[PDB]
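Below is one structure, written out as structure tokens; comments come after it.
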Amino acid sequence: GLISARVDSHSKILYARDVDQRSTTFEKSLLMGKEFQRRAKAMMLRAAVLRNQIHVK
Amino acid sequence: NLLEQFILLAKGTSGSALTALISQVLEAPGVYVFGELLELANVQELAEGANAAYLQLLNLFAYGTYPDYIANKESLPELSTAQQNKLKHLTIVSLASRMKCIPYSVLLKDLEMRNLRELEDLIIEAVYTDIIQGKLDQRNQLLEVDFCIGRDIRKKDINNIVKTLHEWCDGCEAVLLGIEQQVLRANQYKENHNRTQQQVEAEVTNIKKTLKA
Amino acid sequence: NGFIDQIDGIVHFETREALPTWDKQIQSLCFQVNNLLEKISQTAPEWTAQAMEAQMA
Amino acid sequence: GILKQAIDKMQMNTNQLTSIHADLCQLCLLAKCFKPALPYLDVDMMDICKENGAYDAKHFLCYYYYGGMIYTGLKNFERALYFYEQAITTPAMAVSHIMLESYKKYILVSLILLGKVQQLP
Amino acid sequence: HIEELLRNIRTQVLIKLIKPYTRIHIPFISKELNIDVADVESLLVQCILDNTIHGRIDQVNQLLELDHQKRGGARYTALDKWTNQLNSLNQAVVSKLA
Amino acid sequence: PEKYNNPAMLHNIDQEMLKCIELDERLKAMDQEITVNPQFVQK
Amino acid sequence: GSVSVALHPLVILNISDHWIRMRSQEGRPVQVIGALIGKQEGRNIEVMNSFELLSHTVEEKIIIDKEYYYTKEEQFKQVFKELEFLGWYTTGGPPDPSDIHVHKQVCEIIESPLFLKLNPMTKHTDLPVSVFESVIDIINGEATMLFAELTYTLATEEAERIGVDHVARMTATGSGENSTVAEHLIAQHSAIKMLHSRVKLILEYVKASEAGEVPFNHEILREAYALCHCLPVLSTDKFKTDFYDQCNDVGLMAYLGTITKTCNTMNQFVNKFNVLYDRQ
Amino acid sequence: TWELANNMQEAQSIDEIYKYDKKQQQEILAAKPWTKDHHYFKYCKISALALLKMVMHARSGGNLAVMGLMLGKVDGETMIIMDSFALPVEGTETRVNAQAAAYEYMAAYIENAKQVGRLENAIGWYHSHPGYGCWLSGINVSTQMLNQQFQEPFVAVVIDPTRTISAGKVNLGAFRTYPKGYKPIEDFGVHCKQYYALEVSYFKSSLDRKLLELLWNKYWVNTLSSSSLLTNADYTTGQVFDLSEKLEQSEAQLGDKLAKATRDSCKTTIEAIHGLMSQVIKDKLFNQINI
């Protein structure tokens, strides 16, 4: 993770890589939203199961 | 204006002098819409006689475009370079009236031109005359017009104008209706929330009244 | 103002960002509407006043 | 087909977990028929019926383990991992026979879907 | 000290020349500065490594590409920060008790 | 893969909006029952 | 035509503040009487500020006392130098004869006073205020003061627009439960309606010209055609791409902001849950 | 029907704040809640009319400096101001001294207002700074010392006429001060420890709202051609940055501020969606006619 570049072996050329800020921003936001929804549903199931005294006796 | 200055001399004269006057009008710079000149009875009376060609030329200038002066080139008399330039400018205005991004190839075909530089010079001089406002773009071979003057209107196309305005009116009305509906719904939603909150409050305080015994 | 691209040999003078052009065109259309209304009001003041009064009701 | 109308006519709402869910998920898993159980596995359980008694944790664990196996069979790993994770993190005080074969498969599913074994919460 | 000179003037000329360009030819700079291609490339590399000229060198086509790009997308980075903070707050709420 | 100007991505964002709104509505409905619980007035 | 009236967006605020103050103080709204001060430049009259004048009531009629105005005239001369008496304002509807009687002593104080009418009970799109000029009749007998209606302009200095926009952006929309939608979707609705009215007037004129009621003015129709041909504004691909990018950006900005309101409700739910069904 | 609610005579709490509860004012004055803690009132709400009167006085002053009073009340934790009243003071644009003219003017104007029917009292003062930002100087700090220590309910207001005119936004600054002894950024000056800042808010009545909306209605071209969110991009980016900082502070606190962060995020999101809605409406109205 020190050099942002790509190697082309056909012509043996190291090209520089430019990151599209908008695309990575949108991707990160969507991933965070999906993760948050998953965590929310998980905790809500937990609250459902911790209120009926389910403890595997 | 120029048409007013060239119009008062056309009352008393008729015949060759009248046709010379209309030729001078078609040659004079600044004049680009021949509405009141054609509306006179003296101009319309030229249909019967040996001067119908000048009437056809004036009609072509008022409403027609450059290709219209292709099929009947031999019928009309010879034109000077000023008249040809004015006709080309009118054709450019008519083309820009419909679409706001004129391709270079369409202009070259329509104006019957051979060189791109000459076409660009003609467009430049048309912009200098201030009949259309816009900018060229050689990379895309486009001409973009932000505002073009309206050309002449005959007394049969006005109905079509009405139609377009009617459409616009209808659209505005539609938008208005939607607006109302939307805001109404919004208000209702807000009220509902408040109401339910109030209900909860009542419930809890009622509980308090029955727990502080 | 402008920049030169030597590879294509093209000088760029001015560019428009679409949305400001849209705003300018809308403003021009509104100004044209206002000027047309002023022109008809000046040409036939009595008919314009009568039509406006009819539309008020 | 019996334990579709049995479930539909017992739960208060469609987001309530009953003890028959773990039973249908076993009936449709012992015999290879996965599609009928899909409508009852695509919903998110929100409340658990007390059933006026009974309903030990065995039914909950069996449901969340058999659903995970069903999802794994249909090559839907992004939800099989979630099902196994929910099965594992149930509160417990002693070693159970069903949590072992829900962590063993959880490791493999996490290695398939992701590049590493996910850390338990 | 004449070696320090004949290099500051060349650097100033290079900076003043490549201002209105976006893609320039290295041999053009060589002709303008009255030096060969190798010295022009070395001077460009030294200037870029010193954070003086905002541009890059394409060695395959022998080109110099300026930096008349990268508009003010600071909004985006701000959003990124927000996202990060949101994620952190998430870990605070879900794992509070249950 | 994709530039974020296709209206399909707008539809996806709208779907995520709907899911989040529904989740918050269920959260509020769950909380309102707790707020009126006879146990949660003594503390 | 008489004098040109230059009205400012400061007198109106003074009248509204006075009216709401009296309405809140007395409960039942009453009539308020004040003054108007400004500048006289030849045939042009401009209004700058306005201060209230005390008015007494005798029997059923209203009388403007002179001593209070005399004491207050030199008081405000210290701060405003080139400011002089112009007229007075009041709240009401149509000009009643009580207006004439009260204007009698105003004409006594100043030869030709102006008159401003503000109607808080207005239900029309026109400006609730109205400017009247006093005319003395020649007919023998009871020479009633005649009110001639003039045109009021909206002359403003540099800081008027910025101030009105700054105050009108908020309007305390989030405190009165008026809903921000009911403000935003309504404020521009009036402008859209005004544009609709203008377009309708133009269409009516074009139809009348087509039928033959008005003479064939072959100059306005050309402008109408030019306006017609400029309706589909900016239908290019670049504009569509920019608009879609803007829509996606605003959608993402709304997602980041819905995702935090949901999280806040989540936090409040867990806080309330950790006390009811779980000790500590 | 089109406006739905409309208004014949009904109002709400917006119009309720314009009143004078004599018993309430007497009891808050007698109780003296702010005399017991230094970190009292932080919200100051000033009406529109006072704002425009102050702005016109500052503009009429020109390159020089002007100075005047203000009228209002206090309600609980918040301060209410709804009147401005100029003074006939003169001096160089770097210093102004209130001579006997102002001393005879404030009392006379207060008596005149009382005769009119006004019931409010002096709440503070406003001073115009022609160019040098908005910060209290040493003499201003001493005057505010003595005023807030003798006349406990008080507040100072500083505006910048030149910068307000040039930039386009007002420079209203409402300041209270920490009393002497309590000890616990170059723009604010050198006495930043002695004096602090406060937030500013505005209000207007139902009649004022209707009149302002109907007067601003003659701006339709700019109304439907403004295309917002393209002019306030810097403001929105700054708001999002402050949102990120507030979110970080709230997360640290959790280890309330979360409610404030949620309200700020809701405000920014509402503004963004309002801009998008106006853009969509404009596109529907203009770009969908005549094919």
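The chains carry the letters A, B, C, D, E, F, G and H, assigned in the order they are written, with residues numbered from 1 in each.
Here, a contact is a pair of C-beta atoms (placed from the backbone, for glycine too) under 8 Å apart; a residue touches a chain by one contact, two chains touch by 3 or more.
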Both chain A and chain E are touched by which chains? G
Would you mind telling me which chain pair, F-G or B-C, is linked by more contacting C-beta pairs? F-G
How far is the middle of chain D from the middle of chain G, if each middle is the mean of its Cα atoms, in Å? 66
Between chain A and chain B, tell me the centre distance in angstrom, where each centre is the average of that chain's C-alpha atoms. 54
Chain D and chain H have mean C-alpha positions lying a whole-number Å distance apart equal to 59
So which bits of chain A are touching at least two other chains? 22, 25-26, 29, 32-33, 36, 40-44, 46-47, 50
For chain F, which residues are shared contacts with two or more other chains? 4, 9, 16, 20, 23, 26-27, 30, 35
Hunt down the residues of chain C that sit against at least two other chains at once, touch-wise. 19, 21-22, 25-26, 29-30, 34
By the document's touch rule, what are all the touching chain pairs in this structure? A-D, A-E, A-F, A-G, B-C, B-F, B-G, B-H, C-E, C-G, C-H, E-G, E-H, F-G, G-H
Chain C-touching residues of chain H, taken from the complex the two chains share: 220-221, 224-227, 230, 282, 286
Enumerate the contact residues on chain H facing chain E in the complex. 233, 236-237, 240-241, 243-244, 247-248, 250-251, 254-255
Going by the contact rule set out above, which residues of chain F touch chain B in the complex? 32, 35-36, 38, 41-42
Quick check on the complex: what are the chain C residues that touch chain G? 17-19, 21-22, 25-26, 29-30, 32-37, 39-40, 43-44, 47-48, 51-52, 55
Applying the document's contact rule, which stretches of chain G touch chain B when the two form their complex? 177, 179, 181-182, 185-186, 189, 192-193, 195-196, 199-200, 202-203, 206-207, 209-210, 216, 218-219, 221-231, 234-236
